[PDB]
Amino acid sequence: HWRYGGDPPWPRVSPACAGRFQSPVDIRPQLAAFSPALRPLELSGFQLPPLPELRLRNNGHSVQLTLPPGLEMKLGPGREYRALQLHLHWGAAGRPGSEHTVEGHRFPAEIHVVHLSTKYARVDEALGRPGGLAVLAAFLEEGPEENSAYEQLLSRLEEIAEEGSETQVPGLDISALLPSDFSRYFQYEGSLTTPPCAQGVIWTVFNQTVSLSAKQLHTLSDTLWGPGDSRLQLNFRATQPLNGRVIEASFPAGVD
């Protein structure tokens, strides 16, 4: 096991974290390869009914929501996935904590929805295989008012403040935690951003952000406890070198 912002350096315990094709990465849109074959993402089953409830847990490194069977995500022909869980990465008071960056810019927080390829019946079989797992990532930014979809989760953090504690939340519209623009995104091949840092993961990063109130962002970053009696904050990995990888863009970056 392992921690953010301190020893042991991940390769000392998970050597695969020293791989060449790790995540997250710094995205530079003017250098991304424009790929018009990347069509709008397609989701189905994400609008969940209130029952059954979903497991929400503080695992010491993030807050993780377990997703039920039946959520489908298609990146394109031959690339169909089932969603497994989502979790978040964040900073601290006045300090951003997203995992991916854009031209070196770090955003307040980031959401990851993790999926299993329909080629595989179990996560174990997919680990390390190219395209075995896919993650949808979106940046969380500050907007003027409360995000009602996020409030259904964020209002439940207080009761799972202790590391290892868990609770149950009503079904909600998972797609409402994501951007509304499904057409504009970046895509590349990388790794899990925690040990064991397994490679072969298809990363799709929305260009559009989602807006949370400043109060919500403080709730996310200030409520949970991690290992020891440290606050669960700054739970992101440093960006990793591309090492020749090409990041694709589904849209024309543009001008400015």
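Residue numbers run from 1 along the displayed sequence.
- For the pair 225-233 and 61-69, the record assigns the higher mean C-alpha temperature factor to 225-233.
- Comparing the deposited coordinates for 93-101 and 112-120, the stretch with the larger average C-alpha B-factor is 93-101.
- By the numbers in the PDB entry, the CA B factor is greatest at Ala37 among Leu56, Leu212, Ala37, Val201.
- Sort the chain's modelled residues by C-alpha temperature factor and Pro179 lands in the lowest third, per the entry.
- Sort the modelled residues of the chain by CA B factor and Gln208 lands in the lowest third.
- Remark: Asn243 belongs to the highest third of its chain, ranked by C-alpha B-factor as recorded.
- Ranked against the other modelled residues of its chain, the C-alpha B-factor of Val169 as given in the entry falls in the middle third.
- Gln85: CA B factor lies in the lowest third for its chain, per the PDB record.
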